[PDB]
Amino acid sequence: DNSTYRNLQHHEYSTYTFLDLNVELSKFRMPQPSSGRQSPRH
Amino acid sequence: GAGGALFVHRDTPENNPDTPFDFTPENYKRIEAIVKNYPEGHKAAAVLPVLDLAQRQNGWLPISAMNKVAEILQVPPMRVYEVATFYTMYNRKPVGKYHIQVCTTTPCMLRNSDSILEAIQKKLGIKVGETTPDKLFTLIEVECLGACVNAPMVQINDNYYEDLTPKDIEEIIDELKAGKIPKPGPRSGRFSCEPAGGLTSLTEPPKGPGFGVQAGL
Amino acid sequence: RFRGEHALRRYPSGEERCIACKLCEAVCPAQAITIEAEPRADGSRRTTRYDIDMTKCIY
Amino acid sequence: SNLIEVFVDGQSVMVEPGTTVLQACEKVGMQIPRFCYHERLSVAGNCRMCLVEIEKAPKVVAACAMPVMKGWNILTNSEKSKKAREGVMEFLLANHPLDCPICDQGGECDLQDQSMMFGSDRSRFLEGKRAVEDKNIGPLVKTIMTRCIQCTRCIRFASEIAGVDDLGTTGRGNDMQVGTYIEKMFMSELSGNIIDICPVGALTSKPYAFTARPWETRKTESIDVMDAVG
Amino acid sequence: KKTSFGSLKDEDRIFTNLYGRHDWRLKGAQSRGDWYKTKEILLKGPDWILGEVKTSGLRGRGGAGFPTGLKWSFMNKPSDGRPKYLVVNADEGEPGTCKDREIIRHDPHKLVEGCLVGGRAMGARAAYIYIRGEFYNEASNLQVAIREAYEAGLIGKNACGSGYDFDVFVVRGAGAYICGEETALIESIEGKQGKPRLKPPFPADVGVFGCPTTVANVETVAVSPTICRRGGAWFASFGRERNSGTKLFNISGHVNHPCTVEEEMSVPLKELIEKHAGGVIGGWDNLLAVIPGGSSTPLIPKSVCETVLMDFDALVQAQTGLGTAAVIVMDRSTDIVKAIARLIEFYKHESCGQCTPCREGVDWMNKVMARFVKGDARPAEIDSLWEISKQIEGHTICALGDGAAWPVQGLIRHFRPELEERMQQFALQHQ
Amino acid sequence: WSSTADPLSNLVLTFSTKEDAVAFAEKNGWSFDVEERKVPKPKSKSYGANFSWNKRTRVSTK
Ligand SMILES: NC(=O)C1=CN([C@@H]2O[C@H](COP(=O)(O)OP(=O)(O)OC[C@H]3O[C@@H](n4cnc5c(N)ncnc54)[C@H](O)[C@@H]3O)[C@@H](O)[C@H]2O)C=CC1
Ligand SMILES: Cc1cc2nc3c(=O)[nH]c(=O)nc-3n(C[C@H](O)[C@H](O)[C@H](O)COP(=O)(O)O)c2cc1C
Ligand code: SF4
Ligand code: SF4
Ligand code: SF4
Ligand code: SF4
Ligand code: FES
Ligand code: FES
Ligand SMILES: [Mg+2]
């Protein structure tokens, strides 16, 4: 119960884990808002 | 004390605008995702992630990588230069395969942080900021890493190692030398920062859902 | 402390100490000093003209 | 109308909404000390030389960026504002180089004049000063970087007026430097104006170097004929 | 009514998985009570959540200790035309503070649910979590927890049987303590240098991307879901008045068992150290000084920490301030001036350089303290240094100048004889 | 050196108002050109306009 440590999986995280998870997550996001132009410098 | 790193760039055969750099198609997909998170008006926000991704593809940031990031995000190159020279996790100079950062701030320094630094120096035979000749290890002294409870600690390539003794850091170093990857986390088997022999809190099993909910909800 | 004839000095290396700041010209109560300056061939800040009228000087 | 009443040294003035404390002081006839604020540039607030005391408020406000509120009584000659000015001037002069005799901006220095009128008359800095390497941005603007006080007027003018994003700040804290980070000439038809807006001798005129002192010059108002703008 | 604080029951804590022994994952979180009646909380309204937070007496856990209900109500103005955002601050910059890290690595789902609840309360369209650049494994755990919540429909499209759309994005910093400050946080999110902006405008008016934004600490965000479920009154009772709730305390330095533990608010400092830290090394008689709220707070000697509580008001009356509830202890076998000089040196390397007071004065302070460590200075300089600190403090854009000046003030105030003795010894040994 | 021949090369007079100067010039018999005083017009300054949501004013750096 209490004795075992359950956070080990992070022992097998690669260099691209964060960005791969973000890529998977991108399909679940609502459409982003728009300010009207492409950039403030436009 | 003093910084020791220059904030002006001079063209070098291994660091110049004609140095070859580009993004892998998977990295391009990652860049598209990163840009997508922000609103369609301010794509300038992606500069810190994408630059980091460039480093994760190269290990350091040449001027060509900064220029490529500026070209992709359509921001002036000078802004990318400011971002690269501002944040300290960006390597504008080549770095070793294993980047060792040893925190020496007061909470870690109190629990005898200098012994670990000197042990690493003696093991590698290099000074505080130098790099080993075979381009394998790099030693850096940094500010607090948010692991004060686990001090003394050092961080290597996204991995935290806490509660180090001199001996422990020697085993970490030569295990990195051997080829395998050491397991991150604190030493002495204290399992992420509870009291070593106390266990004074969170003993009884945790309560079930809706245990303390108020009436009318 | 005696004030006599004017002189321009130089450093032990042999380069003149004057940097054409024109403070002596500004403070001169009799307007006895005239100074013109330009960057030297090595980029040093040196005078091209430093005249003092001994007959307008009040010493 | 929509004018609100504010008091500068106990004197009532009617101002538009959004008017800054600095402009409220201007309307009555006082000029607040400044190094980074410019009318034609965007507000920065970096220098902290405009810090003034608002009565019945424990903390001094930046007059160049803080909009005035109705019923506020500014205290421009209060002891707190004078102490703040002296402290900021001390911090500004702590690392500044003893270059006044060789600096082309001797009698035209805002740093010098504001030290004379708002700072102290002596230093208590017992350390060694810093030195940064100079930059080359072409044949028109001579750059002596150690003199620079990090006001950022040049960056704002280049980005907003000249439309050129070549200038920026690199590094962090004390070692932060204003420049281009690469050998690159900032050349534009409006490039010379950064000499005027720079309060110090960090940016000077290269063809004009070492030739004259400001108190000697006779000023003649005239018209340009190099184009039809006049 | 209660007079003694510091005996908090095991079942009565909020972070029941602080030590990461239970399965943090979504299954484990549900087992521990997480994501329970979220729809009921969403459907009950934002005004109800704001009122519960107000009556809860909750104050910012980041350091300032500002009433969080007041800020979240500052967001409660009607729509303007711009999207509204909730930015969670996970920078975790302050030395000696590890609380944010533990409650992100071993308990992400409470953070995610608190993000959703706070976004509903403030009408935010999405949540941006600025995780520290060094916390990579913590960021990956938070990302996989967010993915699990998206899979279960807990956030995102309609987020519940509610009709409220909410996104949670995670952005990573790059080695910058100044980025913890809320306006510098916003600037770093927008791709510029982590330089703070001036106030006004406040983030509720012009924040991230120019949109109204509310910035909250990770600890502050986590408590809201639990607070709503158990009610404002339950949270309010703990601690003293205007200091209600439970706090995470990180005890480190010269203690036998340095640890992070959640406990009641107005616990005595000595009682907390003895109960959870295992006592100070060498016995309580060996203690020399304590920094209660991280480096940005003045130290206090033994005579003050003997009978001092742990909350905003009592620690302010001790001329320290609670800060980030980060206890760093120092016994009588350590060089205290060296520790304070190391803190000032850290502040010298962590200033953004935007304004002249912080930049120049903090570099000057670092040099002066480096001279003080060896005793190379003179006694008349000590007061000078004090004056320097006064000049820097309250004249800067942000509070990093305060966090650099306050340690110097505390060290001078409580150990001037030590500095004079070191100076005299240097004069003797050098003649 | 720089030689001159007019006695009035260094003569500059100061007046409180334009009318006083005009009166002095008229009573002393000098033909004059008067130039109206230039005043910097009031300007609308806003710090928050730097951090604009959709407008061009937003600054790339600060
Ligand atoms: N948790 C950590 O890692 C660190 C914490 N800190 C702590 O941060 C504290 C100082 O932070 P600050 O934000 O500068 O203090 P602050 O009191 O000025 O502001 C803190 C919060 O209160 C809000 N606020 C304050 N006055 C307001 C007003 N008139 N209207 C609307 N909102 C208002 C602000 O929007 C902000 O969110 C320090 O005490 C320090 O201990 C410092 C470094 C690191
Ligand atoms: C230099 C500096 C660094 C800071 N770093 C942090 C940080 O890492 N985390 C944090 O929550 N607050 C930090 N703060 C204070 C923030 O203002 C705070 O996070 C924000 O106001 C939210 O506070 P709340 O969670 O109490 O509402 C910092 C403040 C300063 C001046
Ligand atoms: S110009 Fe006059 S005051 Fe200046 S350096 Fe030369 S001699 Fe000295
Ligand atoms: S810029 Fe001004 S203060 Fe600095 S050296 Fe030149 S004249 Fe002196
Ligand atoms: S060069 Fe001049 S204008 Fe530019 S930042 Fe420095 S002092 Fe300001
Ligand atoms: S006080 Fe320091 S960190 Fe804060 S804005 Fe000024 S220079 Fe930057
Ligand atoms: S002081 Fe070393 S990790 Fe915090
Ligand atoms: S003039 Fe206001 S801060 Fe510089
Ligand atoms: Mg100039």
# chains A, B, ... in the order shown; residues from 1 in each chain; ligands from 1
call {"tool": "residues_near_ligand", "arguments": {"ligand": "ligand 4", "cutoff": "7 Å", "atoms": "only C-alpha atoms and all ligand atoms", "output": "PyMOL selection string"}}
result
chain D and resi 96-100+103-107+109-112+147+200-202
call {"tool": "closest_atom_pairs", "arguments": {"of": "chain E", "to": "ligand 1", "cutoff": "6 Å", "atoms": "only C-alpha atoms and all ligand atoms", "output": "Markdown table"}}
result
| residue | atom | partner | partner_atom_place_in_ligand_line | distance |
| --- | --- | --- | --- | --- |
| E:62 | CA | ligand 1 | 1 (N) | 4.0 |
| E:63 | CA | ligand 1 | 7 (C) | 3.6 |
| E:64 | CA | ligand 1 | 9 (C) | 4.1 |
| E:66 | CA | ligand 1 | 22 (O) | 5.1 |
| E:71 | CA | ligand 1 | 32 (N) | 5.9 |
| E:92 | CA | ligand 1 | 3 (O) | 3.8 |
| E:93 | CA | ligand 1 | 3 (O) | 4.3 |
| E:94 | CA | ligand 1 | 44 (C) | 3.9 |
| E:215 | CA | ligand 1 | 37 (O) | 5.7 |
| E:296 | CA | ligand 1 | 41 (O) | 5.6 |
| E:323 | CA | ligand 1 | 41 (O) | 3.9 |
| E:324 | CA | ligand 1 | 1 (N) | 5.4 |
| E:398 | CA | ligand 1 | 14 (O) | 5.9 |
| E:399 | CA | ligand 1 | 14 (O) | 4.8 |
call {"tool": "closest_residue", "arguments": {"among": "F:15, F:7, F:47, F:2", "to": "ligand 8", "atoms": "only C-alpha atoms and all ligand atoms"}}
result
F:47
call {"tool": "closest_residue", "arguments": {"among": "D:226, D:194, D:154, D:209", "to": "chain C", "atoms": "only C-alpha atoms"}}
result
D:209
call {"tool": "residues_near_ligand", "arguments": {"ligand": "ligand 5", "cutoff": "7 Å", "atoms": "only C-alpha atoms and all ligand atoms", "output": "VMD selection string"}}
result
chain D and resid 145 148 to 155 178 194 197 to 200 202 to 203
call {"tool": "write_last_selection", "arguments": {"atoms": "N, CA and C atoms", "output": "mmCIF file, in the first residue's frame"}}
result
data_model
loop_
_atom_site.group_PDB
_atom_site.id
_atom_site.type_symbol
_atom_site.label_atom_id
_atom_site.label_comp_id
_atom_site.auth_asym_id
_atom_site.auth_seq_id
_atom_site.Cartn_x
_atom_site.Cartn_y
_atom_site.Cartn_z
ATOM 1 N N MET D 145 30.250 51.978 -26.139
ATOM 2 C CA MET D 145 29.274 51.272 -25.294
ATOM 3 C C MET D 145 29.302 51.322 -23.763
ATOM 4 N N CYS D 148 26.885 53.872 -22.148
ATOM 5 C CA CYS D 148 25.451 53.622 -22.216
ATOM 6 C C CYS D 148 24.788 53.229 -20.901
ATOM 7 N N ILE D 149 23.645 53.855 -20.635
ATOM 8 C CA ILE D 149 22.880 53.641 -19.408
ATOM 9 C C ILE D 149 21.664 52.710 -19.494
ATOM 10 N N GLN D 150 21.530 51.984 -20.603
ATOM 11 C CA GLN D 150 20.433 51.028 -20.843
ATOM 12 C C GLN D 150 19.016 51.614 -20.812
ATOM 13 N N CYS D 151 18.874 52.846 -21.277
ATOM 14 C CA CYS D 151 17.582 53.528 -21.352
ATOM 15 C C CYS D 151 16.616 52.872 -22.341
ATOM 16 N N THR D 152 17.191 52.339 -23.423
ATOM 17 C CA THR D 152 16.524 51.670 -24.561
ATOM 18 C C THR D 152 15.813 52.606 -25.545
ATOM 19 N N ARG D 153 16.183 53.879 -25.541
ATOM 20 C CA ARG D 153 15.595 54.834 -26.467
ATOM 21 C C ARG D 153 15.920 54.469 -27.916
ATOM 22 N N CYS D 154 17.155 54.043 -28.152
ATOM 23 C CA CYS D 154 17.605 53.668 -29.489
ATOM 24 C C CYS D 154 16.847 52.473 -30.055
ATOM 25 N N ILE D 155 16.579 51.481 -29.217
ATOM 26 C CA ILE D 155 15.829 50.301 -29.643
ATOM 27 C C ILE D 155 14.402 50.680 -30.012
ATOM 28 N N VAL D 178 23.223 46.518 -24.968
ATOM 29 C CA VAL D 178 22.411 46.963 -26.084
ATOM 30 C C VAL D 178 23.264 46.910 -27.344
ATOM 31 N N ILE D 194 19.200 58.542 -33.714
ATOM 32 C CA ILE D 194 19.524 57.864 -32.465
ATOM 33 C C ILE D 194 20.662 58.557 -31.732
ATOM 34 N N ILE D 197 18.579 61.262 -29.603
ATOM 35 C CA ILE D 197 17.762 60.729 -28.522
ATOM 36 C C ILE D 197 18.604 60.076 -27.440
ATOM 37 N N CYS D 198 19.812 59.637 -27.759
ATOM 38 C CA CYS D 198 20.662 59.018 -26.754
ATOM 39 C C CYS D 198 21.106 60.083 -25.762
ATOM 40 N N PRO D 199 20.749 59.970 -24.479
ATOM 41 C CA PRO D 199 21.096 61.034 -23.528
ATOM 42 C C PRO D 199 22.574 61.106 -23.198
ATOM 43 N N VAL D 200 23.349 60.081 -23.541
ATOM 44 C CA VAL D 200 24.744 59.989 -23.133
ATOM 45 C C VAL D 200 25.624 59.888 -24.370
ATOM 46 N N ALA D 202 27.130 57.360 -25.474
ATOM 47 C CA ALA D 202 27.196 56.004 -26.008
ATOM 48 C C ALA D 202 27.050 56.002 -27.524
ATOM 49 N N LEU D 203 26.174 56.851 -28.055
ATOM 50 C CA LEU D 203 26.001 57.022 -29.491
ATOM 51 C C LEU D 203 26.297 58.471 -29.841
#
call {"tool": "select_by_dssp", "arguments": {"residues": "chain F", "states": "helix (DSSP H, G or I)", "output": "short mmCIF file (atom, residue, chain, number, x, y, z; two decimals) with N, CA and C atoms, in the first residue's frame"}}
result
data_model
loop_
_atom_site.label_atom_id
_atom_site.label_comp_id
_atom_site.auth_asym_id
_atom_site.auth_seq_id
_atom_site.Cartn_x
_atom_site.Cartn_y
_atom_site.Cartn_z
N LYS F 18 6.55 88.59 -26.39
CA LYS F 18 6.79 89.03 -27.76
C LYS F 18 6.53 90.52 -27.91
N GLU F 19 5.50 91.03 -27.24
CA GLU F 19 5.14 92.44 -27.37
C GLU F 19 6.25 93.35 -26.85
N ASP F 20 6.89 92.96 -25.74
CA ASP F 20 7.98 93.77 -25.20
C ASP F 20 9.14 93.86 -26.18
N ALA F 21 9.50 92.73 -26.79
CA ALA F 21 10.58 92.74 -27.78
C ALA F 21 10.21 93.58 -28.99
N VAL F 22 8.96 93.47 -29.46
CA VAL F 22 8.53 94.27 -30.60
C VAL F 22 8.59 95.75 -30.26
N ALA F 23 8.15 96.12 -29.06
CA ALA F 23 8.20 97.52 -28.64
C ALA F 23 9.64 98.02 -28.57
N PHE F 24 10.55 97.21 -28.03
CA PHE F 24 11.95 97.61 -27.97
C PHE F 24 12.53 97.82 -29.36
N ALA F 25 12.26 96.89 -30.28
CA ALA F 25 12.77 97.01 -31.64
C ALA F 25 12.20 98.23 -32.34
N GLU F 26 10.91 98.52 -32.13
CA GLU F 26 10.29 99.67 -32.76
C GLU F 26 10.85 100.98 -32.21
N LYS F 27 11.03 101.07 -30.89
CA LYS F 27 11.54 102.30 -30.31
C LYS F 27 13.02 102.49 -30.59
N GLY F 48 -0.14 50.51 -21.36
CA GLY F 48 -0.82 49.28 -21.74
C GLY F 48 -0.96 49.10 -23.23
N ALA F 49 -0.98 50.20 -23.99
CA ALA F 49 -1.01 50.12 -25.44
C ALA F 49 0.20 49.38 -26.00
N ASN F 50 1.28 49.29 -25.23
CA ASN F 50 2.42 48.49 -25.66
C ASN F 50 2.03 47.03 -25.82
N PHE F 51 1.21 46.52 -24.91
CA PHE F 51 0.83 45.11 -24.91
C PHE F 51 -0.56 44.93 -25.52
#
call {"tool": "residues_near_ligand", "arguments": {"ligand": "ligand 2", "cutoff": "8 Å", "atoms": "only C-alpha atoms and all ligand atoms", "output": "short mmCIF file (atom, residue, chain, number, x, y, z; two decimals) with C-alpha atoms, in the first residue's frame"}}
result
data_model
loop_
_atom_site.label_atom_id
_atom_site.label_comp_id
_atom_site.auth_asym_id
_atom_site.auth_seq_id
_atom_site.Cartn_x
_atom_site.Cartn_y
_atom_site.Cartn_z
CA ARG E 59 -4.84 33.87 0.40
CA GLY E 60 -2.14 33.52 -2.25
CA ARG E 61 0.20 30.65 -1.43
CA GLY E 62 2.90 31.95 -3.76
CA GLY E 63 4.30 34.54 -1.38
CA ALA E 64 2.31 37.78 -1.53
CA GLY E 65 -0.57 36.30 0.45
CA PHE E 66 -3.15 38.32 -1.44
CA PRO E 67 -6.82 37.26 -1.09
CA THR E 68 -7.41 35.00 -4.10
CA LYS E 71 -8.43 38.67 -7.73
CA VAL E 88 -1.05 28.98 -13.60
CA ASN E 89 2.38 29.85 -12.25
CA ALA E 90 4.57 26.77 -11.88
CA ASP E 91 7.91 28.57 -12.21
CA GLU E 92 8.92 27.56 -8.66
CA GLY E 93 11.93 29.89 -8.64
CA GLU E 94 12.55 30.70 -4.96
CA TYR E 177 13.93 32.86 -11.94
CA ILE E 178 12.62 36.27 -12.98
CA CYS E 179 10.06 34.45 -15.13
CA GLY E 180 8.26 33.39 -11.95
CA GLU E 181 7.03 36.96 -11.49
CA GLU E 182 3.57 37.19 -12.99
CA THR E 183 4.15 39.92 -15.58
CA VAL E 215 -2.17 34.49 -12.54
CA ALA E 216 -2.32 32.00 -9.69
CA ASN E 217 0.15 29.77 -7.87
CA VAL E 218 0.00 26.00 -8.35
CA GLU E 219 -0.82 25.48 -4.67
CA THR E 220 -3.56 28.11 -4.80
CA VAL E 221 -5.15 26.44 -7.82
CA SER E 351 17.91 39.80 -12.06
CA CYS E 398 9.06 44.29 -9.65
CA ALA E 399 9.74 42.77 -6.23
CA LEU E 400 13.07 41.08 -7.01
CA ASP E 402 12.78 43.73 -2.48
CA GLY E 403 13.86 40.09 -2.34
#
call {"tool": "select_by_dssp", "arguments": {"residues": "chain C", "states": "strand (DSSP E or B)", "output": "PyMOL selection string"}}
result
chain C and resi 10+16+33-39+45-52
call {"tool": "interface_residues", "arguments": {"of": "chain D", "to": "chain A", "cutoff": "12 Å", "atoms": "only C-alpha atoms", "output": "PyMOL selection string"}}
result
chain D and resi 159-160+163-165
call {"tool": "residues_near_ligand", "arguments": {"ligand": "ligand 8", "cutoff": "12 Å", "atoms": "only C-alpha atoms and all ligand atoms", "output": "count of residues only"}}
result
53
call {"tool": "closest_atom_pairs", "arguments": {"of": "chain E", "to": "chain A", "cutoff": "9 Å", "atoms": "only C-alpha atoms", "output": "Markdown table"}}
result
| residue | atom | partner | partner_atom | distance |
| --- | --- | --- | --- | --- |
| E:19 | CA | A:5 | CA | 8.5 |
| E:20 | CA | A:6 | CA | 6.3 |
| E:21 | CA | A:5 | CA | 4.9 |
| E:22 | CA | A:6 | CA | 6.6 |
| E:23 | CA | A:6 | CA | 6.0 |
| E:24 | CA | A:6 | CA | 7.7 |
| E:82 | CA | A:35 | CA | 8.5 |
| E:83 | CA | A:33 | CA | 7.4 |
| E:105 | CA | A:7 | CA | 8.1 |
| E:106 | CA | A:7 | CA | 7.1 |
| E:136 | CA | A:18 | CA | 7.9 |
| E:137 | CA | A:10 | CA | 6.2 |
| E:138 | CA | A:10 | CA | 8.6 |
| E:139 | CA | A:18 | CA | 7.2 |
| E:140 | CA | A:18 | CA | 5.3 |
| E:141 | CA | A:10 | CA | 7.7 |
| E:143 | CA | A:21 | CA | 6.6 |
| E:144 | CA | A:21 | CA | 7.0 |
| E:146 | CA | A:25 | CA | 8.5 |
| E:147 | CA | A:25 | CA | 6.4 |
| E:150 | CA | A:28 | CA | 7.1 |
| E:151 | CA | A:28 | CA | 8.8 |
| E:156 | CA | A:29 | CA | 6.5 |
| E:157 | CA | A:30 | CA | 7.0 |
| E:165 | CA | A:30 | CA | 7.8 |
| E:166 | CA | A:30 | CA | 8.0 |
| E:167 | CA | A:29 | CA | 6.5 |
| E:168 | CA | A:29 | CA | 8.7 |
| E:169 | CA | A:22 | CA | 8.8 |
| E:170 | CA | A:22 | CA | 8.6 |
call {"tool": "residues_around", "arguments": {"residues": "residue C:4", "least_positions_apart": "4", "cutoff": "12 Å", "atoms": "only C-alpha atoms", "output": "mmCIF file with N, CA, C and O atoms, in the first residue's frame"}}
result
data_model
loop_
_atom_site.group_PDB
_atom_site.id
_atom_site.type_symbol
_atom_site.label_atom_id
_atom_site.label_comp_id
_atom_site.auth_asym_id
_atom_site.auth_seq_id
_atom_site.Cartn_x
_atom_site.Cartn_y
_atom_site.Cartn_z
ATOM 1 N N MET C 54 49.670 85.582 -24.997
ATOM 2 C CA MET C 54 50.325 86.042 -23.781
ATOM 3 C C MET C 54 49.963 87.470 -23.422
ATOM 4 O O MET C 54 50.150 87.863 -22.267
ATOM 5 N N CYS C 57 46.530 87.175 -21.634
ATOM 6 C CA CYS C 57 46.543 86.350 -20.437
ATOM 7 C C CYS C 57 46.718 87.206 -19.191
ATOM 8 O O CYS C 57 47.495 88.163 -19.175
ATOM 9 N N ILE C 58 45.984 86.849 -18.134
ATOM 10 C CA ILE C 58 46.125 87.498 -16.840
ATOM 11 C C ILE C 58 46.898 86.649 -15.853
ATOM 12 O O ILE C 58 47.089 87.068 -14.704
ATOM 13 N N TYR C 59 47.349 85.464 -16.267
ATOM 14 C CA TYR C 59 48.219 84.615 -15.456
ATOM 15 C C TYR C 59 47.565 84.272 -14.120
ATOM 16 O O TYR C 59 48.192 84.325 -13.063
#
call {"tool": "residues_near_ligand", "arguments": {"ligand": "ligand 3", "cutoff": "10 Å", "atoms": "only C-alpha atoms and all ligand atoms", "output": "ChimeraX atom specification"}}
result
/C:7-9,16-28,33-37,45-47,50 /D:101-102
call {"tool": "residues_around", "arguments": {"residues": "residue A:39", "least_positions_apart": "4", "cutoff": "9 Å", "atoms": "only C-alpha atoms", "output": "count of residues only"}}
result
8
